Amino acid sequence: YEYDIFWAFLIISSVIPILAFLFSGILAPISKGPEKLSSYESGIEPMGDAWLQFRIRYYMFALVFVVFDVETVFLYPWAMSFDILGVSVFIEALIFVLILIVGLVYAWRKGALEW
Amino acid sequence: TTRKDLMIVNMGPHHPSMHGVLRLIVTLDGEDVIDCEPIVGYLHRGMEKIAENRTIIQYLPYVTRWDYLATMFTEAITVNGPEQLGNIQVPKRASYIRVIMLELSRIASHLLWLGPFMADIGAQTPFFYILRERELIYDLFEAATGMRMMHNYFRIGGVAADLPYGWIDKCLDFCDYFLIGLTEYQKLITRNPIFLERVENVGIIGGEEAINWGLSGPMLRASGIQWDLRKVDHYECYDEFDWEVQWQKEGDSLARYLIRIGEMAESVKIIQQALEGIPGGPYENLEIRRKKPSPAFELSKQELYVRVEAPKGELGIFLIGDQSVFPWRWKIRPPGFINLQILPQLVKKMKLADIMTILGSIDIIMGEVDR
Amino acid sequence: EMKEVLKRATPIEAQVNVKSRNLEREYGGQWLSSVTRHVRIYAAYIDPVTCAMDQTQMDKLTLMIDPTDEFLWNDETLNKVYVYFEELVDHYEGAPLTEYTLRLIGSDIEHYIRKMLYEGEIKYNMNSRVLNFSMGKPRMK
Amino acid sequence: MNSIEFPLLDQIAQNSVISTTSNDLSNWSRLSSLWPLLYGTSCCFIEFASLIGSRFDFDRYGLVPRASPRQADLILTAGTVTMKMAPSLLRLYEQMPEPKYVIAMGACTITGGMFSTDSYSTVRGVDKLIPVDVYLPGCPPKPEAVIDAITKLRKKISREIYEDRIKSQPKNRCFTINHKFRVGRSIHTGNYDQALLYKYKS
Amino acid sequence: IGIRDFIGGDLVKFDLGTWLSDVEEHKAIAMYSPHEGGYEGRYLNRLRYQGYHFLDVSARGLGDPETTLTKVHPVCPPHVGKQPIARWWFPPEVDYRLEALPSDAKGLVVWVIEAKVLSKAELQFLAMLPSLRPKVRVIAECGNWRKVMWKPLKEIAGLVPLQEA
Amino acid sequence: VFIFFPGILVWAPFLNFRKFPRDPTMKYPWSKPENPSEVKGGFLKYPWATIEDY
Amino acid sequence: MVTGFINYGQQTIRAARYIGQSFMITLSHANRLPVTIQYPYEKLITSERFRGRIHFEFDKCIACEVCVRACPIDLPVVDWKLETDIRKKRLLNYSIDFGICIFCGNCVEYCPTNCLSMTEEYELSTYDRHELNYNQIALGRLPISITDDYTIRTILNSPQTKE
Amino acid sequence: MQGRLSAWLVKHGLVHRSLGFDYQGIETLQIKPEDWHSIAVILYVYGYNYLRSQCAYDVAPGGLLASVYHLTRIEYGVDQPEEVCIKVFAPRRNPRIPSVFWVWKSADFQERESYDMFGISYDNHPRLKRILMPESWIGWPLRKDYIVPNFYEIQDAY
Amino acid sequence: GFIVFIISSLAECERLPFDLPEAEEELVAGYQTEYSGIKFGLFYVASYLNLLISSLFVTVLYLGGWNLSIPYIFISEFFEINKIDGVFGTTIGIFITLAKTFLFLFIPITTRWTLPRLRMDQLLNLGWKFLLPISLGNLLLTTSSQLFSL
Amino acid sequence: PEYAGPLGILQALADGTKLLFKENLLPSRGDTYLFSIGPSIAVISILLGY
Ligand code: SF4
Ligand code: SF4
Ligand code: SF4
């Protein structure tokens, strides 16, 4: 079957990091110390714990990416059935690509894709 | 957005872009630099205090430890302070040798600026490319002075020793090869689209701001100001050679890069002209050269200020004597220490990745910023 | 004769379930500590069993002597160093928690350690990772 | 008399094939990939840069410089360590994972060098801060001398056994008391050149 | 020369029994190793497995090894002009380490690095040291080679004629 | 090398490519040259050398 | 409107050309011989005035201690006593610690008897710091020239130019 | 002889004192600390574009602390620029000198160095804190009567 | 589509000039800053495996894969190569695939050591304003050309 | 790479075995589970494409 190899390969690929972690645990020594476990901050003592809180206008491309992922997912089955059918699916997906282009133009002009 | 939204990161002494042990406390608002605070002094060895309680012949090894890339400039300022105080003349051959060594050190300093600058931009190969020829410069220095760095070659009223046999042709061949190498560097780097788009419009400095902030050298000359202390103060024999002061009108980092490339080319021209017209005669001053107890140079009782055009700007020495071997006061005016204070103004409202470009545009090495 | 070194330095009562915490935003960026190969004085609560350091507890001074063992330590020598540390801390009452004060305290503590080594109280630790004798080579009197 | 003393220990192990060859191969692997910290402080780092460059190659020994301490085996201390920098140096050494090695390069890292006499802030040798395996004398040591020091470090690394691992973990003794000092916030808060034009106060 | 030269210089060879037999028979051994180092630890490791404790001696700053190793020697710590000249006396290094070793140790092995800088007579004394101190083995790197080869140190120093290998 | 690396990973532990001594007479590291003048000392590098100097 | 697209075209081809130019400039270095000096199998021959380990002649020393005063740190230790029969300074011990030495060259320059010399002996690394305290016997050892080691390829930096 | 700047100041009625010249003949003037903040603006008005260096030094141990300013002009078409040295003296017990950061920004770091090494407090400097020494340090190292308080890592490497 | 696939795969493999999350000069090591031991090796393997799989997908999707033949010309060598079938044919196909993969392994390894690295804003601009509309136009051209097939 | 093997062939193997023998370092301030899971997820999702 064409998919039992997929499951076996997935199991092996998940097992490999477990084997690496086990081998490191049984081979590498442990010498923990309070200075060693401190977070690295280029020598100096770290201040408050991490955290940046970006601006919204920077990370507004993600809302475009969510929609565009769905559009590119929807475009695949049409391409798979483009040869069995004819110009009907061409006309069908032309509106999809045109709406994608119009949305990209709107995001470009409104400044959503500006950093 | 005042607090708990602003990330204060200590891009401190251990950072690849931080040249040496410079620390920046950078406050970021989503990769946007709100401001930065420079903390220096991680290499403060108290060299001004060690300048006292040391004779000049003892303090000369200490001199090369500020601006360790351009060591001959610091050696020149240290040996020309007291020799101006004592009215000691320098022979013409020694002056020509000094000019040649200073220009070679300027070439090496501009190279080892270009390396870390392009590394901070993102290109690592130019570092090895500059080191291929800085090793040749080191070979010339070791053939002449005896060591690659920390030469201890400059002396009061002259130099340590004459140039060895077969040095002029070696230096001329180095100049011929290095011109080709510089053309290769400009072919690889100067018009690159990524390099330009990382450099073209960062750190715009006005000429008035450059004057007020105390900037000197390629920093001040990259704001529309043609101010070189070699042609203003008539240092050594720079009035005899044909050379041009490299200055640019725009204030960005690209102007500084172009200025340093042109300064390397003009320096090469200066070595060629100096070696073509080298004079004869003595090099050490025979008047000062005189088991018996040997005193050092007793400085006169007056104040003095001496300047030099270091590759990083203007390097100065304020010397107050005390009619004794040990100077009463020895203040060092470092070009990098004064060029660094404009960095928070430049990086304000810029981005995090632009800090590397701005700091690489300024020729800062931490051994000269503190003393 | 007698017991001697009867001060018997009393540590603070041991806490449980102490978790590692960084310094706050206003108090961060500073060392509030003196670290050196033989002495680490931290303005923090460090427990040895779980290697957890709480740096928000600035009212406690944790002293770790000889983390990389260069001397062989008995309990009496540890008690001597600890009573000296307590006396030094009580001597500096009213001083700020800055790095300067803790570095001074560590300097006197290491001078005491060197005096103990040269008096015969402690000996250099063989079977150490390095043998460099940072306090001086073995010499005769 | 500053005497020396060997503590009480047990017998090692003794093995035929598995443990001995595994230890030898681990030693060989740690020989050829001693990744430096890229720790640079002062003029000696320039010569360190000359060992990254083309004329003398770091890559022949492996020895790729890694910025993060967690990815670095060897710290090659190049430069004078001031009082302001020494706690940072000790942190960086402590944050490096075991096994870790230290090479003190330069006269300023062994004993303070020129600053051993009159400098009021120069630490006279990092052996007062970090345990040094190989001492490298010389002001700007020649890059070949740096390679020789690294070769001697490899000579000592290949001699290691499993017992040396329990020589490397810290003993981790602590002692906690109240201090009744004055607690003060950090002077360097990060506020710099913000609203500067309103700070005249005539 | 080739063939054998370009064939495996691998570190899995069975030379180790011969190495231990030679270091037990010939007390003082001159060793030659790869220039980049690190292939000596395979041979010193088994010596350390037998209970031998290593004393690392640098031959550059050795300074007349007779009184440096087998006698109390005077050394002046470096004053930098802040102190008067002091004359310290240091214990004999190899004998101090011998008398301070634990009773279960097989002995002490003196690892003399960079022994090429020593003269002929210093190598003579380094070869004849185990005769005076029974529980001392001498290992001295007298050079470098493509592969690890060892010889008796008396042969290199000139006490025994150099037999062709 | 990229194609045949699975076959090179086996042979590499059983091969050494360490550079040979300058004179082709040094049978042993303790051997002395017959006449120490026929050796070629002073190999140059890339700025001033040909392929003969390697 | 079309001119904007045309300008976008010409400012894109230029970037591709300059990226290819960077690629060509970098890859032209593959046809050039390496500059790397393969230490420790190859050693660079030091200059005639290279400042390395000090060599000290015990017979020529007069214990005048000017080498101490000329030192930036007063490093050399000259333990001497007066030989009352002749009233000349008899040298007892001479020691230079190379952990503090910076190889500046002041001692070898200001020595009146010229008993102090600079050798080519670099690579003085030791495992122990206190082993760097060279006395008058260690300083008196002749340096090992790399030209006498025949297992390595001695590299000369430049042509000899003695013609 | 009266310098050009001193003659200009006496023409404009500004109090000062001429201390002479250095070895290069540059004028040296002494300005009282109370008038220095007003005189610096007038100095820039004269045309001193460039604050070349700001320095501080000890006149004598247990004596006055002197702060030194070097000034020159950066202009197109001037052959020999005019340079002036100016010294302001403050008592050791409580040294107070007005800051020229609001006239020349180049003093921004430099005066901090003068505060870090000699303890001269500058009034209108907005960020006056230690720059070279550690920020928690107590004492001014460059004063002639300073004594280092016996730190362990400064002592001899034993 | 070939150029856009190369640039996009180089960005996904996070190779330079798109090494921003692991940019050593801006951040100390990026997300690998606190990672030590076997985990850094895992995040190294994964990167090189991504590079290898991107090169393999380049030689599969855009190059001919294991195929090497010119039917329109009388190439004796290519015809004789394609005439082999069996174990030897599969071996030659593996050889051809590995060579074509090594071409687009050689190119990005060079690319890392030649160009400077991008910036985050410019990375976003290149991804969203230069590559996406161009890929949409390429898809439209592909569909228009494929209209002739049916 | 020249010394780890004949022509540096064993250099990457030496790096891998060194990282195997290098102490596994976990952050005390952060989360252990996410720290251990992240690289494993990355390598699994990258290996699944082969
Ligand atoms: S040896 Fe010391 S003083 Fe000399 S350059 Fe190196 S760090 Fe600076
Ligand atoms: S200067 Fe020369 S002769 Fe005088 S004490 Fe020093 S080494 Fe001896
Ligand atoms: S070389 Fe210089 S530093 Fe060394 S001992 Fe001589 S004078 Fe002192």
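In this analysis, Cβ positions are derived from the backbone assuming ideal geometry, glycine residues included, and neighbour counts consider all displayed protein chains. Taken together, the values in this text are just the output of simple stated rules run on the coordinates, not laboratory data.
Points worth noting:
- Within chain J, all pairs of alpha-carbon atoms sorted by distance into 5 Å bins from zero give the percentages 5, 16, 12, 16, 19, 14, 11, 5, 1.
- Spherically averaged projected area in nm², based on the convex hull that wraps the Cα atoms of the range B:321-360: 3.9 nm²
- Rounded tilt (10° steps) of G:2-27 against the dominant C-alpha axis of chain G: 40 degrees
- The relative contact order of chain H, computed from alpha carbon pairs under 8 Å that lie at least 6 residues apart in sequence, is 18 percent.
- In chain G, excluding the sites themselves, the longest stretch lacking any of the trypsin sites (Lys or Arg not before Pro) that are in a DSSP loop with at most 13 other Cβ atoms within 10 Å is G:88-161.
- The range E:101-144 versus the range B:95-133: alpha-carbon centroid distance in Å: 48 Å
- Between F:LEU9 and H:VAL15, the distance separating the two model label sites (each 7 Å from Cα on the Cα→Cβ line) works out to 8.8 nm.
- Note on chain G: semi-axes of the ellipsoid equivalent to its C-alpha gyration tensor, largest first and rounded to whole Å, are 57, 20, 15.
- The largest-to-smallest principal axis extents of the Cα set in the range B:30-72 are 54, 22, 10 Å.
- Sites matching GluC sites (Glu not before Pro) across the range H:46-95 that sit in DSSP coil, with at most 14 neighbouring C-beta atoms within 10 Å: H:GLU75
- Overall form of chain F per C-alpha gyration tensor (a/c, 1.5; a/b vs b/c): oblate
- Chain D: C-alpha gyration tensor shape, a/c 1.5 cut-off, then a/b vs b/c: prolate
- Only Cα pairs under 8 Å and 6+ residues apart enter the sum, and on that basis the relative contact order of the range A:10-115 stands at 29 percent.
- Sequence-distant residues sharing a close amide H with D:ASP118 (under 5 Å, placed H): none
- For the range D:107-202, chymotrypsin sites (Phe, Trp or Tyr not before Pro) are listed when DSSP marks them as loop and at most 11 other Cβ atoms sit within 10 Å of their Cβ; the list is D:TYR200.
- Long pairs among B:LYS187/B:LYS351; C:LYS141/G:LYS81; A:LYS32/C:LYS3; D:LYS155/E:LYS82; C:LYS123/D:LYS142, criterion Cα-Cα beyond 26 Å: B:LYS187/B:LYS351; A:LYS32/C:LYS3; D:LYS155/E:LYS82; C:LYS123/D:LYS142
- With a simple spin-label model that places each label point 7 Å from the Cα along the Cα-to-Cβ direction, the separation between I:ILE92 and D:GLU163 comes to 6.3 nm.
- Spin-label zone in the range I:132-150 - amide nitrogen under 14 Å from a point set 7 Å from the Cα of A:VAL87 along the C-beta vector: I:144-150
- As a ratio to 2.2 N^0.38 Å, the alpha-carbon radius of gyration for the range G:52-103 is 1.22.
- Residue list for the range C:38-60, given a label point 7 angstrom along the Cα-to-Cβ vector of C:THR10 and an amide N cut-off under 19 Å: C:60
- q = 0.13, 0.15, 0.24, 0.27 Å⁻¹: log10 I(q)/I(0) that the Debye formula gives for the range D:1-54, counting C-alpha atoms only: -0.73, -0.78, -0.97, -1.09
- Remark: relative contact order (the range C:1-53) = 30 percent; criterion is Cα-Cα distance under 8 angstrom and separation of 6 or more residues.
- The modelled label-to-label distance between B:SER324 and G:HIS29, using points 7 Å beyond Cα along the C-beta direction, is 5.4 nm.
- Stretch gain in nm, segment G:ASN93-G:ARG49, where the contour uses 0.36 nm per residue and the Cα spacing is subtracted: 13.1 nm
- Using alpha-carbon coordinates, inclination of helix A:4-27 to the longest axis of chain A, degrees: 20 degrees
- Counting only alpha carbon atoms, the long axis of helix J:11-21 and the longest principal axis of chain J meet at about 40°.
- Divide the volume of the convex hull around the Cα atoms of the range H:1-129 by the residue count and you get 112 Å³ per residue.
- Pairwise inverse Cα distances across chain B, averaged and inverted, put the Kirkwood hydrodynamic radius at 21.5 Å.
- Within the range A:1-40, the chymotrypsin sites (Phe, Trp or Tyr not before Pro) that combine a DSSP coil assignment with at most 13 other C-beta atoms in a 10 angstrom radius are A:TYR1, A:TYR3.
- Panel values: chain C, Kirkwood radius from alpha carbon pairs, Stokes-Einstein at 4 °C and 1.567 mPa s, translational diffusion coefficient 78 µm²/s.
- Where no second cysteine Cβ lies under 4.7 Å, the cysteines concerned in chain G: G:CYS61, G:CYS64, G:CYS71, G:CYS101, G:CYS104, G:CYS111, G:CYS115
- Efficiency of FRET between E:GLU66 and B:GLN226 - r from beta-carbon atoms, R0 41 angstrom, step 0.05: 0.05
- Taking one quarter of the surface of the convex hull spanned by the alpha-carbon atoms of the protein assembly as shown gives a direction-averaged projected area of 66.8 nm².
- Rg over Rh for the range A:1-87 works out to 1.22, using Cα positions for both radii and the Kirkwood form for Rh.
- Whether the range B:72-230 is rounded, prolate or oblate, judged on the alpha carbon gyration tensor where a/c under 1.5 counts as rounded: oblate
- Among complete DSSP H helices in chain I, those whose alpha-carbon atoms stretch at least 20 Å along the helix's long axis and whose mean Kyte-Doolittle hydropathy reaches 1.6 are I:38-61.
- All distinct Cα pairs of the range D:111-202 go into the 1/r average, and the inverse of that average, the Kirkwood radius, is 19.6 Å.
- Cubic angstrom per residue, convex hull over Cα atoms of the range B:237-311: 205 Å³
- Secondary structure note: in the protein assembly as shown, about 65% of the DSSP beta bridges are antiparallel.
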